[PDB]
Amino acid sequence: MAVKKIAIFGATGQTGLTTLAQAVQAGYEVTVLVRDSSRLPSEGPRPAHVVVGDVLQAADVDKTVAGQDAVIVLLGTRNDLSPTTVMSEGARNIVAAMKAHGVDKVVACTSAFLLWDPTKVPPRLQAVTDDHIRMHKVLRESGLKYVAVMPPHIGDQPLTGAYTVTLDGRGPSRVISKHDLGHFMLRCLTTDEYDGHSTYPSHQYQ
């Protein structure tokens, strides 16, 4: 495997769990950063390496990025919609670690709202969207090989591998399953064609 060692940030989350399971099945040697109170579930897939800590500590992010081939970022705030900088500050630490350790490839999830007319973004989701905007600027300005993944609504539909990938604009559907989103994050490790683009994965489940 050319890319074989990967860090996943947010592996315990909705998309992270199925991304982790798919990566382990595909032969990746996965390192995760998990907060001490929220470890991976007991008998799901086991990653190769676990760092317990916080993306808001540069030291913990450095430990997680060291020695990787690539980084996948699925940070988020679960059902909490309050103002936050955890995604943007976490990305700042991830950028600094990747530069210090010679890692170039980062595939990172923000949101399709970065491609919406700003006056149409739902106000209830605007605090989170603000930090996605901050996070995207951090990653775009870093000079790293950054794939900006900007999904629409994340659902519980199957893994299909059959989704549309729209470059630098909104796509033709308004959902992507969490499993297909994770599949796409991993696909981005095997190609350079999305580097420096925004990507909107979406599908019609039928």
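Heads up: residue numbers just count along the shown sequence, starting at 1. Under this definition, the rigid core comprises the largest set of C-alpha atoms superposing within 1.5 Å between the forms.
Engineer: For a rigid core alignment of each structure in 8 other deposited structures of this protein onto the shown form, which stretch has the higher root mean square Cα deviation: 106-114 or 81-89?
Structural biologist: Taking the RMS over all superposed structures in 8 other deposited structures of this protein, 81-89 lies farther out.
Engineer: Return whichever of 126-134 or 72-80 has the larger RMS Cα deviation from the displayed form in 8 other deposited structures of this protein, where every structure is aligned on the rigid core.
Structural biologist: It is 72-80 that deviates more in 8 other deposited structures of this protein.
Engineer: Tell me which stretch, 81-89 or 104-112, has the higher mean Cα B-factor listed in the entry.
Structural biologist: Averaging CA B-factors over each stretch, the winner is 81-89.
Engineer: Report the stretch with the higher mean CA temperature factor, choosing between 129-137 and 115-123 on the basis of the entry.
Structural biologist: Looking at the record's C-alpha B-factors, the answer is 115-123.
Engineer: Using the entry's values, work out which of 69, 60, 36, 180 has the largest Cα B factor.
Structural biologist: It is 36.
Engineer: Reading the B-factor column of the entry, which of 198, 12, 18, 25 has the highest value at its C-alpha atom?
Structural biologist: 25 has the highest C-alpha B-factor of those listed.
Engineer: Ranking the modelled residues of this chain by C-alpha B-factor as given in the entry, is residue 53 in the lowest, middle or highest third?
Structural biologist: It falls in the top third of the chain.
Engineer: Would the CA B-factor of residue 154 place it in the lowest, middle or highest third of its chain?
Structural biologist: Answer is middle: the recorded C-alpha B-factor places it there.
Engineer: Can you tell me which third, lowest, middle or highest, the CA B-factor of residue 148 falls into for its chain?
Structural biologist: Tercile = lowest for this residue's CA B-factor.
Engineer: If you rank the chain by CA B-factor, which third does residue 30 end up in: lowest, middle or highest?
Structural biologist: Middle third - that is where residue 30 ends up once the chain's C-alpha B-factors are sorted.
Engineer: C-alpha B factor of residue 175, ranked within the chain: lowest, middle or highest third?
Structural biologist: For residue 175, whose C-alpha B-factor we compare with every modelled residue in the chain, the answer is the middle third.
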